[PDB]
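Asker: Sequence, then structure. It's an experimental one.
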Amino acid sequence: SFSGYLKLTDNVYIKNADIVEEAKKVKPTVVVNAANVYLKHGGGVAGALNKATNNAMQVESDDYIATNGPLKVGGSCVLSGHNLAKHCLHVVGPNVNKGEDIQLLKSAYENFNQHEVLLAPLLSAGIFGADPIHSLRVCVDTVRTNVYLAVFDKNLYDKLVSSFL
Ligand SMILES: NCc1cnc2ccccc2c1
């Protein structure tokens with residue numbers, strides 16, 4: 001079970017933690033991946049989660065894309081969680097470094113509402129280029145299910161908690 005999380009709202013919790021280490025420890029029903037439309041898990045959270053599965057997440061993802069085609073920005077798919085979780089919810093937040101609509105961030109967070117509890121990163125944060133303070137605000141105003149946010153960066157975690165309205 002989840003431990004050491006700071007409660008932000010009725011249903012949103014946050015911790016300064018590596019989401020791979022958090023997943024390996026808790027083994028949640030759902031771990032969220034910060035995916036791209038192609039499910040190419042190269043860097044950031046996706047690269048780290050895939051490397052922890054010994055590339056099994058990428059192999060499974062390539063078969064999914066070969067069958068179904070790419071996801072939509074703001075969309076998701078449920079795949080195996082491998083050694084990290086029962087399931088991985090691959091969610092595509094807009095990548096502002098690729099010029100994608102930041103307004104799609106709320107649609108991306110709506111995917112979390114189909115799962116009662118999730119371990120997740122902040123969508124569109126990190127290498128996706130959005131303001132993590134904005135991502136946390138969209139998260140608390142969109143997600144109604146129980147979300148345990150893992151923020152890798154200590155200095156960003158402190159800034160997020162200290163600025164939370
Ligand atoms: N310790 C593996 C690792 C590497 N890179 C990361 C990037 C974002 C979030 C968590 C990460 C975890």
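Answerer: Now that the structure is in, tell me what you want to look at. Residues are numbered from 1 along each chain as shown.

Asker: Which stretches in this protein count as strands?
Answerer: For the chain, the strands defined by DSSP state E cover 6-7, 12-16, 30-34, 76-80, 87-91, 117-120, 146-151.

Asker: Tell me which of these sits nearest to residue 131.
Answerer: Closest to residue 131 of the strands of the chain is strand 146-151 (CB to CB; 13.5 Å). No exception for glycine: its C-beta is placed from N, CA and C like everyone else's.

Asker: So what's the gap between that closest one and the chain middle?
Answerer: 9 Å (CA atoms, centre = their mean, to the nearest Å).

Asker: Check whether that strand comes near the ligand.
Answerer: No - Strand 146-151 stays clear of the ligand (CB under 6 Å from any ligand atom), getting no nearer than 7.6 Å.

Asker: Now do the buried residues in that strand.
Answerer: Buried residues in strand 146-151, counted by 16 or more other CB atoms under 10 Å: 147-151.

Asker: I figured residue 118 hits residue 144, correct?
Answerer: No - between residue 118 and residue 144 no contact is recorded; they are 11.7 Å apart, counting by CB atoms under 8 Å.

Asker: Of those two, which one has the most company?
Answerer: Neighbour totals were compared for residue 118 and residue 144, and residue 118 leads with 24 against 12 (other CB atoms under 10 Å).

Asker: Quick one: residues contacting residue 127.
Answerer: 43-44, 97 (CB atoms under 8 Å, 6 or more residues apart in numbering).

Asker: which of those tops the neighbour count?
Answerer: Using other CB under 10 Å as the neighbour criterion, residue 44 leads the contacts of residue 127 with 18 neighbours.

Asker: How about it: what's its closest non-neighbour residue?
Answerer: residue 127 (4.3 Å; CB to CB, 6 or more residues apart in numbering).

Asker: measure the one you found to residue 74 for me?
Answerer: 18 Å (CB to CB, to the nearest Å).

Asker: ditto for residue 146
Answerer: On the measure of CB to CB, residue 146 and residue 74 end up 22 Å apart.

Asker: now swap in residue 51 and tell me
Answerer: Distance, residue 51 to residue 74, using CB to CB: 26 Å.
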